[PDB]
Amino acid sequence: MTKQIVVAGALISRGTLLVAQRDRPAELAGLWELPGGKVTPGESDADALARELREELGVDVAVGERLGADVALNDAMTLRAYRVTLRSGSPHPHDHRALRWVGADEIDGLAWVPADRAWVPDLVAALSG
């Protein structure tokens, strides 16, 4: 449906999900997301996501299966989540205001960025198996 894709990672470790608090732009700063970024020319979804998580968080991940449905952000961009597994590193907020590990009991009530909120059921399911 669009020409531009934004990939995001659902990193689950020890039964909790990594969420990242945006610091920009103003309209999203303070709200929580699955970290990731735009797929750039030449990149696969996995290349782009692993690169974004290395840049933003300082971690190495393996990119797994899609999580949940694609989301239309606007007329130009589609947002897609993938499950990812931590291979090496501890996440650090290089670009984000804060990081947090959340369990199933926290997913629904988190101050999500609006687009990511459609993934709530999928994230809760992922944390429960």
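Don't overthink the numbering: it's just position in the shown sequence, from 1.
Averaged over their C-alpha atoms, the temperature factors of 31-39 and 63-71 are higher for 63-71. Comparing the deposited coordinates for 18-26 and 104-112, the stretch with the larger average C-alpha B-factor is 104-112. Of all the options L49, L57, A81, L86, the entry's greatest CA B-factor is assigned to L86.
Looking at the C-alpha B-factors along this chain, the one for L123 belongs to the middle third. In the PDB entry, a CA B factor belonging to the lowest third of its chain's modelled residues is recorded for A10.
Residue-level temperature factors show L99 in the middle third of its chain, judged at the C-alpha atom.
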